[PDB]
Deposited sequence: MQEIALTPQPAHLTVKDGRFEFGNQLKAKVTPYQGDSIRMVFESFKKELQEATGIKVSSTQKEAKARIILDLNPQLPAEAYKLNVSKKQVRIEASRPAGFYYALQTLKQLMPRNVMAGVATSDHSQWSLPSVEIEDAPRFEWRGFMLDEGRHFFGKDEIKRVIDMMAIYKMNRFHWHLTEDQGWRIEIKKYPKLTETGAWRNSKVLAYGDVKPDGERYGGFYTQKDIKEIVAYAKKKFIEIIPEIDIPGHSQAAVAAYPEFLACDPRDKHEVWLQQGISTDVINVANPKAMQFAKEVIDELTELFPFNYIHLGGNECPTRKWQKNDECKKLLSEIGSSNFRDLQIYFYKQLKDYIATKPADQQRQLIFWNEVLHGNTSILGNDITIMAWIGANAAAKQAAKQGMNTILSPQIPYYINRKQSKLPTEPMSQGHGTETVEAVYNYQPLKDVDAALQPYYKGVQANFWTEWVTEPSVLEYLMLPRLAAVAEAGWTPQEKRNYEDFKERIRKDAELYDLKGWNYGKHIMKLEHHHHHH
């Protein structure tokens, strides 16, 4: 009957139903949010709402994303403290209606009376897409954002730079795309799989970026760009080897392989430093959200050990751990950002491998995205007074196989990462109440070594995405896989109407 995903914190079914009619009147940034709602509602149902049987009141004691939704025979009442809260209330309202309403599509109207009080458990409810390995483009990204918005996810992490490609136009360094965005293989080589010789790639112009930022903002999704440095940087090194390469005498090309590249940025070169600062400057212009992800995963120190300037620099900082070069590199970038005006300042996120270095050089106002040995890494981060986001490889990497069936498309894993396994992960299990404030939230990540087709992307994304979304929103004590299964089954219709692909295993 009522199938709400994410499951609200508190839901009480009440007497009777609220009948819309064909018109009604509403008492109300908030107006613009409601305006959007009105458009979608009219599109889907034909109901017109004039500017009262619907009231939106400001309740300043509610958290930033919280709301109350009271539906009775007489009236729909909504309370929230911020625009986002009102948006989420209206998401829930739509979800109380036939699926075509959430789909925004007319088909060939009442609400059940309810009392809802709702707030997200976590402020960070994210999805990351890797477009470095395979590029999907503007239309598909809009579809991804649409999927996220359904389940009240609010953070899109854009993994735009890799060994195998660079996907964002940087004005001051045009070769990043000219070289970095194109390569002579669609598939990425691994084991017996060899490069296929086909010219393949693509990138976003700064105009494209701004359009996608705007589109997401309308659905209260903030975009975090990732420029993954100084590892996972072979494409950038291929573009500008003279100052980025540790070994600029050697050949440097965009990588056609899967795996971990040793062709990392020369963090000791001064022009490499200037490059990074100027990239960050351009990002600051395109991305208004207050966070930047600088990566820091899987960065072999091997080439630094064979580089004279790097050996010298490591000596001057008085370290025996070549990992410290990476951390010192981040320090200079962090310091640089701190000199800029307040409105141009950005907080930094890193993958948890950065904890393997002497991080006290950086300070503790960084955010750690925990992926490998994630549970332990997050605890480690929280203990050091750092904020942390949980994105464990198992089971939050939703590019991994969701089934063992021989008919599944090719991707990583052995099919153990089922909807059930994703849902059953408990982010806060055995996490001391004193550490919990540092846990900003959760994220599903999607790596695209194997995934090249939008249809396969969607197939793997859904419905596991919704499970992570619910984990991020619904308090643990209110979560239940069997209940979730029953609720998510109702979204098959929504997916069909939207023309989204999805795994059918639990449908």
| item | value |
| --- | --- |
| Segments lacking C-alpha coordinates (deposited sequence numbering, starting at 1) | 1-2, 31-36, 60-65, 123-126, 526-534 |
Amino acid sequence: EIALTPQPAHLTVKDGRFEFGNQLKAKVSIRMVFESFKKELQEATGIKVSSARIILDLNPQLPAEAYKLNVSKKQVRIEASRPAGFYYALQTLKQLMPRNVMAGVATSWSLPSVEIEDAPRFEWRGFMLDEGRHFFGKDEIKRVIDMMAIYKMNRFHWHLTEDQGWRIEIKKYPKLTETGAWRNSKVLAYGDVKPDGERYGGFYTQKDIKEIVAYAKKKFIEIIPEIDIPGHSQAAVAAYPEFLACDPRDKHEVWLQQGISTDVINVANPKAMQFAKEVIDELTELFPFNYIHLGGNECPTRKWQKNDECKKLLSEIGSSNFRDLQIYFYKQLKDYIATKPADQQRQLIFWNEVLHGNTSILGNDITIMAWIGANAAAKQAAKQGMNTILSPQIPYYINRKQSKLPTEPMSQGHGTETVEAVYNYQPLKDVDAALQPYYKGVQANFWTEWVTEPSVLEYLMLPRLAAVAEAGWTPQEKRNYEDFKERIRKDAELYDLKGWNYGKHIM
From here on, numbers count along this sequence of modelled residues.
| property | result |
| --- | --- |
| Higher-scoring stretch by recorded Cα B factor average, 340-348 or 301-309 | 340-348 |
| Entry-level comparison of average CA B-factors, 99-107 and 169-177, reporting the higher stretch | 99-107 |
| C-alpha B-factor winner, where the candidates are 481, 473, 459, 34 | 34 |
| Of the residues 142, 133, 356, 194, the one carrying the largest Cα B-factor as recorded | 356 |
| Within-chain third of residue 262 by Cα B-factor, per the entry | lowest |
| Lowest, middle or highest third - CA B-factor, residue 243 | highest |
| Chain thirds of CA B-factor: placement of residue 316 | highest |
| Ranked C-alpha temperature factor of residue 84 among modelled chain residues, by third | highest |
| For residue 69, the third of its chain into which the C-alpha B factor falls | middle |
